[PDB]
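> Take this sequence and fold it.
(2 chains, ligands or ions: 2)
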There are 2 protein chains.
Amino acid sequence: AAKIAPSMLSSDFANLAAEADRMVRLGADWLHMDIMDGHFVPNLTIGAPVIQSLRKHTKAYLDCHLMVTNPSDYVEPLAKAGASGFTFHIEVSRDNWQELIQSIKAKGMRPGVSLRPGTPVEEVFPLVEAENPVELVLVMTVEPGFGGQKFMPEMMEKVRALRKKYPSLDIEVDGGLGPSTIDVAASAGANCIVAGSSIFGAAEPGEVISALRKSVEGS
Amino acid sequence: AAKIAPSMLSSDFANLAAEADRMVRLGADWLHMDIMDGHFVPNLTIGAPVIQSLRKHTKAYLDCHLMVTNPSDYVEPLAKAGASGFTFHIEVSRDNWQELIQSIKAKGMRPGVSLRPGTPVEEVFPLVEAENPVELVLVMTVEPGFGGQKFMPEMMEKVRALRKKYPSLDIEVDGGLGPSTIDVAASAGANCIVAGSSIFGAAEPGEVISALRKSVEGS
Ligand SMILES: [Zn+2]
Ligand SMILES: [Zn+2]
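Numbers count the residues shown, from 1 in each chain, chains lettered A, B, ... in the order given. Ligands and ions are numbered 1, 2, ... in the order given. The structure is reproduced below:
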């Protein structure tokens, strides 16, 4: 199924409640929340508290991308906060993915995993195949850090690879996605698109979302 | 001079723009922003991005309290974001306070320093006396982590001590400040008060602010 989740990171943070409600109105399936602690990536954005306050205003799906080092330590707070999706990083999740995916799941959150550009795609299959597996895989399409970097087409090799072995797994692409790049990723197998400036900086935001969706469905 | 800065951390994060504008209306002199990376304290709140979006909505003074480990790395972003005051922690700022205070200053922000409960007050005098010194000292009145902890009167010893040697230095108290405790701190020497639940959870928020101020001036 197609899923177009705007990256609230490129929105008016002073007006999350507003922005969030406006994206659904325009077609937002999910709301992509990037939580960074400045240690895993040279940048600190938002944490649990935020997520929580936002849940008191919208019932939308909150896709939480955990770019932190101590993810296990966020599972409890984010759950309470009301996160819908919890996605961790294979890099720091080495050696507990099995326990982690279970903690996440047992909290009512859809567990997911992600891998930076330079991380062999193979590394997730084990996590995608486990008894209690992740239900989504996020493929970083740029070096994780700040919004506005150049889309990396090479990363598409990972999308196709995934899509082949797993025909119905939600595959998410995050970084640079927009009209100009949606197609190359749509054909690769991505069905969960995260858009940032391509939406919050468009004259026709609603339109843009409607275009990312078609792309994916026309695939 | 008295300064009553509400702690935006206890506000409706989904509506910062709103909340912030509402506090000025009621009397807020400054807006206390607590930036935590989860590594210096088991909690992650908000980072530069937020601060920035918020600057596009208000001209209020943004008092930034940096509870991070790598503070020097936030000086550049916060400056651009529009922070008015940059306050770092003596614990992690050991060995560069001189260079740090200068970086902060040279960016147009008022440099400040803070010390957890268990940190000998003496440790800041050097920083308060330097050629390019800090212009404010924050005295943690509770163990740094989450809003809602018990005020620690003992910590007042530090306020008095500071106020004595430095008669006109802005002294800030953060943690549990409210009507019930403003006086003990007002008499000690504190003139910059940071209030959280005592304001955002009051029936007469505006009134509360007016009460914290009198306390201080009646001193
Ligand atoms: Zn993301
Ligand atoms: Zn503070």
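
> Does the residue in chain A positioned nearest to ligand 2 lie in a helix or a strand, and which?
For chain A and ligand 2, the shortest gap (C-beta to the ion) falls at residue A:49, measuring 13.6 Å. In this view, the C-beta of every residue, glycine as well, is placed from N, C-alpha and C. Assigned by DSSP states H and E, residue A:49 belongs to helix A:48-55.

> neighbouring contacts of that helix?
Contact with helix A:48-55 is made by A:16-17, A:20, A:33, A:35, A:62, A:64, A:74, A:77-78, A:80-83, B:9, B:12-14, B:43-46, as judged by C-beta atoms under 8 Å, 6 or more residues apart in numbering or on different chains.

> tell me, which helix in chain A spans the most residues?
helix A:205-217 (DSSP state H).

> check whether the helix or strand encompassing residue A:18 contacts chain B.
Assigned by DSSP H and E, residue A:18 belongs to helix A:16-25. Yes: using C-beta under 8 Å from any C-beta of the partner chain, helix A:16-25 reaches chain B at A:16, A:17, A:20.

> Name the nearest residue to the second one, sequence neighbours excluded.
Which is residue A:17. residue B:14 (3.6 Å; C-beta to C-beta, 6 or more residues apart in numbering or on different chains).

> how deep is that neighbour tucked in, by neighbour count?
Look at residue B:14: counted by other C-beta atoms under 10 Å in any protein chain shown, it has 24 neighbours.

> tell me the strands in chain A, going along the chain?
A:3-6, A:30-36, A:61-67, A:85-89, A:110-115, A:136-140, A:170-174, A:192-195 (DSSP state E).

> Among those strands, which comes closest to residue B:219?
strand A:30-36 (41.9 Å; C-beta to C-beta).

> And that closest one, how far out from the chain middle?
7 Å (C-alpha atoms, centre = their mean, to the nearest Å).

> now do stretch A:175-184
With C-alpha atoms, centre = their mean, you get 15 Å for stretch A:175-184.

> Contact distance from ligand 2 - what residues of chain A qualify?
On the criterion C-beta under 5 Å from the ion, ligand 2 has no neighbours in chain A.

> Which residue does chain A have closest to ligand 1?
Here chain A gets closest to ligand 1 at one residue, residue A:65, 3.5 Å apart by C-beta to the ion.

> I figured residue A:113 was touching residue A:87, is that so?
Yes: in this structure, residue A:113 is within contact of residue A:87 by C-beta atoms under 8 Å, at 6.5 Å.

> list residues touching both of those two?
A:136, A:138.

> Neighbour count: these two, which is higher?
Of the pair residue A:113 and residue A:87, residue A:87 is the one with more neighbours under other C-beta under 10 Å, namely 29 against 24.

> Contact partners for that one?
Counting by C-beta under 8 Å, 6+ apart, the residues that residue A:87 touches are A:63, A:64, A:65, A:66, A:111, A:112, A:113, A:114, A:136, A:138, A:172.

> Give me the neighbour count for residue A:35.
Number of residues near residue A:35 (other C-beta under 10 Å) recorded here: 27.

> doesn't residue A:66 make contact with it?
Yes: under the criterion of C-beta under 8 Å, residue A:35 makes contact with residue A:66 at 5.5 Å.

> so what sits against both of those two?
residue A:74.

> Show me which residues of chain A are close to ligand 1?
A:34, A:65, A:174.

> can you rerun that using 6 Å?
A:32, A:34, A:65, A:174, A:194 (C-beta under 6 Å from the ion).

> Setting aside sequence neighbours, what's the nearest residue to residue A:170?
In space, residue A:170 is closest to residue A:136, 4.1 Å off (C-beta to C-beta, 6+ apart).

> Give the full set of residues in contact with that neighbour.
A:85, A:87, A:110, A:111, A:112, A:113, A:169, A:170, A:171, A:172, A:192.

> Any idea what it is bridged to?
Beta-bridge pairing of residue A:136, defined through DSSP bridges, involves residue A:112, residue A:170.

> What distance do you get for residue A:8 to chain B?
10 Å (C-beta to the nearest C-beta, to the nearest Å).

> What's the local residue count around that residue?
For residue A:8, using other C-beta under 10 Å, the count is 25.

> surely it meets residue A:18?
No: using C-beta under 8 Å, residue A:8 makes no contact with residue A:18, being 11.2 Å away.

> thinking again about what came up before, of the residues of helix A:16-25 next to chain B - the most surrounded one?
residue A:16 (28 neighbours).

> Setting aside sequence neighbours, what's the nearest residue to residue A:159?
Using C-beta to C-beta, 6+ apart, the nearest residue to residue A:159 is residue A:188, at 3.9 Å.

> now the one you found: how far from residue B:67?
42 Å (C-beta to C-beta, to the nearest Å).
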